[PDB]
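Q: sequence, then the experimental structure. Questions to follow.
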There are 2 protein chains.
Amino acid sequence: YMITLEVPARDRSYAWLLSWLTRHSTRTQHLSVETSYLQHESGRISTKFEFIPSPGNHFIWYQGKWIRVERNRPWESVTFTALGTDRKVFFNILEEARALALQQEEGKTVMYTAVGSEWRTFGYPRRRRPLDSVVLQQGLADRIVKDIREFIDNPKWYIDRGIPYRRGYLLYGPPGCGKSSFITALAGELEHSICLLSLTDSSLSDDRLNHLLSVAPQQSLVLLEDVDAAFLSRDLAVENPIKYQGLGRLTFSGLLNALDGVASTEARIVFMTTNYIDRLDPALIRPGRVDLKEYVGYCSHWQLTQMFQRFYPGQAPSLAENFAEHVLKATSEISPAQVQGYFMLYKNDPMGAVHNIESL
Amino acid sequence: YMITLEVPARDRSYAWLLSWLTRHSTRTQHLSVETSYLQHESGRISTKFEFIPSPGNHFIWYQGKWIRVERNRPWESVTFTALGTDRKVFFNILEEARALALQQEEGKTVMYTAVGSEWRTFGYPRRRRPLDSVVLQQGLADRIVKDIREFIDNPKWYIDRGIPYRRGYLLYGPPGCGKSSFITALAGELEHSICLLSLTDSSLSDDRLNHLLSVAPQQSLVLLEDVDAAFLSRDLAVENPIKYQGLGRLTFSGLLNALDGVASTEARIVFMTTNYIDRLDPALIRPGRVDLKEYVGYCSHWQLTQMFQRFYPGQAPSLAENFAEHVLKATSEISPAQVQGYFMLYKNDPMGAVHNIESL
Ligand SMILES: Nc1ncnc2c1ncn2[C@@H]1O[C@H](COP(=O)(O)OP(=O)(O)OP(=O)(O)O)[C@@H](O)[C@H]1O
Ligand SMILES: Nc1ncnc2c1ncn2[C@@H]1O[C@H](COP(=O)(O)OP(=O)(O)OP(=O)(O)O)[C@@H](O)[C@H]1O
Ligand SMILES: [Mg+2]
Ligand SMILES: [Mg+2]
């Protein structure tokens, strides 16, 4: 007579338990190697040999209980066998795992991915990009931030009238203007998590897409990159239905219903990005599916001035005006990425980038 | 000499027994983790650790009978082994499961889905949308409600003359007018259940479609979304037979016979939705397969007035007339979804949406 807690692979606290188990690797006869390397120079690579507990029956001595944990071997099922019937030690283990895991993810952003029909983490947590480091047009980031915050802070008003509690944003513009960078900065600012979804995958279907959109982690953003490339439309729409034009078992109607239909879930934010606004079917970007659409474009006077004052702090304000005037006189349109590269050429050299502005 | 009740996966009361078993999880040596999370803020996520009984041979103490329940492990078969030959405990268990399950589904709508050749539930029951929250044209929802109620309440008249006891409705219009929302509201009002069916699935055939249409749950609605996209027609029909145009092993004649043929079942309601009424073959929408067809269109004066008086309750009636007049003068055609979004911009701000009506 014992208690055999069974936690299979498909669990939210799976990573938390794995992290705690790696933390409590002491007193474990079976091990797995945990070496990592940091090269410095001269062929002297630092070693960091450690011990991940192997998928075995290691006996743990938590609170003097001789707890036995077994991880099997692609299907995985972790087991926490104990003595008697207490259930308190399980709660303590879960709480300690939560305390340890959330401590690790502090000041970072966790990136998930779509594996099969489920979300799994993708690498170590990434360092968040400061929001002010991304410079957009005057009064554009503030509007999006305010709209998202208002949507988050008013759930009652949605329920009191019956509208589904959902939202969606679309960003479009020329290549190299700040779409992905702004999305990353916003995710870092809002302390959310990014879920990456590809519509051209070879293992995605309508039912799997609906399940993925239904089981998305809480306090997270869903990102759809280049929705146009997954469905040719417009000129085709005048003659025949919208073909899928790719590899994967997906249909236009399935995606349309999944984004906003009858079985769509609640409390979800979806971001979409494209480079050809005119290649998107009108039914896809109608209100209800895309509440706010914004255009990010080429540089302007204020944007160039802010970029200059950001890359060379401490300089006099006249230099920024000189740089902006010269850039806008020498060329008409320019992308922020090109300006960033040109600045990267002249590292820590103010008044040097104000002279060699020949980039026609 | 015992009694071994066997209930495989393909049963209607399967969910009821699973819910009862989760209710009676006490005195079970083997367990499975039942933790859920509700984020609040500051990285403080509430834990709800519980215990779903694992697929094991847990010994239950219902009525002091030492009942043994075993769930195997994709094929599933639940077993209720008991002592002697009584069969009374089985009646009591089924009745308690029914009492518990129907208690949970109160005021909600259950959404089913097509898995293989059987209907299975899809997530938690969803909150029902009030019917008055969806505003359609004058005297349109009432007609459909009355027709459906008349069909439900008169089975004798159908039998006494020999007509098959079936019905079907079709809704068509511009994208973003209220088709799906009205269907959801009607399903909530009628205390029915929604079954989602996709005609472009990669595992659908004529025999499977017939089986699914024959085994649909009682007191339920069958929904076919975007029937046009599954069969190109019209201009093709003038030259060659109807092609399927997609992925899946289905034919036009198979669908036509399944909807209304010789083997079609009785007491079934089917809803169909499309955006291009002119792309549907005449044989598909003939009487007998689609009894009532209705058109949902753009906004009108009364619809706009009702929407305004719904989103801002307590306002004077003149404001609604002013808003309707200004909207209809500034623009001719406008979808209700755009009106909903424009109202969503001005939250709790009457007399503000009556001034900034520039949405051309
Ligand atoms: N507004 C901006 N301010 C600062 N850096 C920017 C800005 N826009 C782009 N960059 C820089 O350009 C590089 C890539 O930008 P990013 O990937 O966000 O562009 P994009 O417009 O989303 O491109 P693509 O459409 O090809 O995905 C990064 O080094 C990023 O810092
Ligand atoms: N008549 C209406 N009254 C109130 N809200 C409406 C109405 N029509 C649409 N909406 C709102 O529009 C949004 C989506 O509407 P819905 O999905 O029902 O439109 P649809 O015409 O069925 O669209 P699609 O053809 O793309 O499926 C929801 O927020 C819903 O509340
Ligand atoms: Mg990018
Ligand atoms: Mg709809």
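A: Nice, thanks for sending it over. Numbers count the residues shown, from 1 in each chain, chains lettered A, B, ... in the order given. Ligands and ions are numbered 1, 2, ... in the order given.
Q: make it CA atoms for all contacts and neighbour counts henceforth
A: Noted.
Q: what's around residue A:13, how many residues?
A: 19 (other C-alpha atoms under 10 Å in any protein chain shown).
Q: show me what contacts it?
A: residue A:94 (C-alpha atoms under 8 Å, 6 or more residues apart in numbering or on different chains).
Q: quick one: residues contacting residue A:194.
A: Listed by C-alpha under 8 Å, 6+ apart, the contact set of residue A:194 reads A:109-112, A:187, A:220-223.
Q: please repeat the previous calculation with a cut-off of 6 Å.
A: Each residue near residue A:194 by C-alpha atoms under 6 Å, 6 or more residues apart in numbering or on different chains is listed here: A:111, A:220-221.
Q: tell me the bridge partners for it.
A: Here residue A:194 sits in beta bridges with residue A:111, residue A:221, as judged by DSSP bridges.
Q: now tabulate the contacts of residue A:194 in a markdown table and tack on neighbour count and distance to ligand 1.
A: Formatted as a markdown table, the contacts of residue A:194 follow (neighbours: other C-alpha atoms under 10 Å in any protein chain shown; distance: C-alpha to the nearest ligand atom, whole Å):
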| residue | neighbour count | distance to ligand 1 |
| --- | --- | --- |
| A:111 | 20 | 16 |
| A:220 | 21 | 20 |
| A:221 | 21 | 17 |
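Q: of all these, which comes closest to residue A:177?
A: Closest approach to residue A:177 among the contacts of residue A:194 (C-alpha to C-alpha): residue A:221, at 20.9 Å.
Q: quick check: end-to-end length of stretch A:234-247?
A: Across its full length, stretch A:234-247 reaches 20 Å between end residues, using C-alpha to C-alpha, to the nearest Å.
Q: what's that stretch in contact with?
A: A:202, A:231, A:233.
Q: inside helices: which ones of those residues?
A: Using DSSP state H, no member of the contacts of stretch A:234-247 falls in helices.
Q: pull out the buried members of the residues you listed.
A: For those, a burial check counting by 16 or more other C-alpha atoms under 10 Å in any protein chain shown picks out A:231, A:233.
Q: tell me which parts of the stretch 1-150 of chain A are close to chain B?
A: A:2-7 (C-alpha under 6 Å from any C-alpha of the partner chain).
Q: of the residues you listed, grab the buried ones for PyMOL.
A: Selection of buried members from these for PyMOL, criterion 16+ other C-alpha under 10 Å:
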select buried, chain A and resi 3+4+5+6+7
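Q: and ligand 2, which of the residues of the stretch 1-150 of chain A next to chain B contact it?
A: When those are checked against ligand 2 using C-alpha under 6 Å from any ligand atom, none falls in range.
Q: closest one to ligand 2 out of the residues of the stretch 1-150 of chain A next to chain B, please.
A: residue A:7 (38.3 Å; C-alpha to the nearest ligand atom).
Q: strands paired with the helix or strand where the closest one lies, and their directions?
A: Per DSSP states H and E: residue A:7 is located in strand A:2-8. Note on strand A:2-8: by DSSP bridges, its sheet partners are strand A:77-83 (antiparallel), strand B:30-33 (parallel).
Q: can you redo those strands as TSV with distance to residue B:165?
A: Formatted as TSV, those follow (distance: least, C-alpha to C-alpha, whole Å):
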stretch	distance to residue B:165
strand A:77-83	50
strand B:30-33	46
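Q: to ligand 1, which of the ones you listed lies closest?
A: Closest approach to ligand 1 among the strands paired with strand A:2-8 is made by strand A:77-83 (38.7 Å; C-alpha to the nearest ligand atom).
Q: now that closest one: buried residues?
A: Those would be A:77-82, for strand A:77-83 by 16+ other C-alpha under 10 Å.
Q: biggest helix in chain A, by residue count?
A: Criterion DSSP H: the longest helix present in chain A is helix A:88-104.
Q: quickly run through the sheet partners of the helix or strand following it, with directions.
A: Sequence order places strand A:108-109 as the next helix or strand after helix A:88-104, per DSSP H and E. Sheet pairing of strand A:108-109 (DSSP bridges) gives strand A:126-127 (antiparallel).
Q: residues in contact with the partner strand?
A: Contact with strand A:126-127 is made by A:108-109, as judged by C-alpha under 6 Å, 6+ apart.
Q: would you map the strands across the stretch 251-360 of chain A?
A: A:268-274, A:292-295 (DSSP state E, counting those that start in this stretch).
Q: for the longest one, the distance to its chain's centre please.
A: Here strand A:268-274 shows a centroid-to-chain-centroid distance of 11 Å under the convention C-alpha atoms, centre = their mean, to the nearest Å.
Q: any chance you could list what contacts that strand?
A: A:166-172, A:221-226.
Q: ok, now the shortest one?
A: The contact list for strand A:292-295, computed with C-alpha under 6 Å, 6+ apart, reads A:169-173.
Q: before we move on, back to that, need the strands of the stretch 251-360 of chain A in TSV (columns: mean neighbour count).
A: What follows is the strands of the stretch 251-360 of chain A, written out as TSV (neighbours: other C-alpha atoms under 10 Å in any protein chain shown):
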stretch	mean neighbour count
strand A:268-274	19
strand A:292-295	14
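Q: what's the closest of those to residue B:157?
A: Set against residue B:157 and scored by C-alpha to C-alpha, the strands of the stretch 251-360 of chain A come closest in strand A:268-274, at 47.6 Å.
Q: give the pairing partners of the closest one; include direction for each.
A: strand A:166-172 (parallel), strand A:221-225 (parallel).
Q: after the first one comes which helix or strand?
A: When you say that, I think you mean strand A:166-172. helix A:179-189.
Q: now for that following helix, which elements pack on it?
A: Based on contacts counted as 3 or more C-alpha pairs under 6 Å, 6 or more residues apart in numbering or on different chains; DSSP states H and E, there is no element that helix A:179-189 packs against.
Q: how about the residues of chain A near ligand 1?
A: Residues of chain A found near ligand 1 (C-alpha under 6 Å from any ligand atom) are A:134-136, A:175-181, A:336-337.
Q: please pick the buried ones from the residues you listed.
A: For those, a burial check counting by 16+ other C-alpha under 10 Å picks out A:134-136, A:176-179, A:181, A:336.
Q: now, which of the residues you listed sits nearest residue A:14?
A: Nearest to residue A:14, judged by C-alpha to C-alpha, of these is residue A:181 at 30.2 Å.
Q: how about residue A:147, phi and psi?
A: The phi and psi values for residue A:147, taken as degrees, to the nearest 10, are phi -60, psi -40.
Q: contact partners of stretch A:111-119?
A: Contacts for stretch A:111-119 (C-alpha under 6 Å, 6+ apart): A:120-122, A:194-196, A:208, A:212.
Q: keep only those of the residues you listed that are in strands.
A: A:120-121, A:194-196 (DSSP state E).
Q: now the two most distant members of those.
A: Greatest spatial distance among the ones in strands among the contacts of stretch A:111-119 (C-alpha to C-alpha): A:120 and A:194, at 11.4 Å.
Q: and the helix or strand hosting residue A:148, how far from the chain's centre?
A: Using DSSP H and E, residue A:148 falls within helix A:141-153. Centre-to-centre, helix A:141-153 and its host chain are 18 Å apart (C-alpha atoms, centre = their mean).
Q: now swap in stretch A:89-109 and tell me
A: With C-alpha atoms, centre = their mean, you get 20 Å for stretch A:89-109.
Q: give me the neighbour count for the nearest residue to residue A:354 once chain neighbours are set aside.
A: Computed as C-alpha to C-alpha, 6 or more residues apart in numbering or on different chains, the closest residue to residue A:354 that is not its neighbour in sequence is residue A:323, at 5.7 Å. Close neighbours of residue A:323, defined as other C-alpha under 10 Å, add up to 20.
Q: state the distance from residue A:323 to residue A:253.
A: 50 Å.
Q: do residue A:114 as well
A: Remark: distance between residue A:114 and residue A:253 (C-alpha to C-alpha) = 21 Å.
Q: also residue A:87?
A: Counting by C-alpha to C-alpha, the gap from residue A:87 to residue A:253 is 48 Å.
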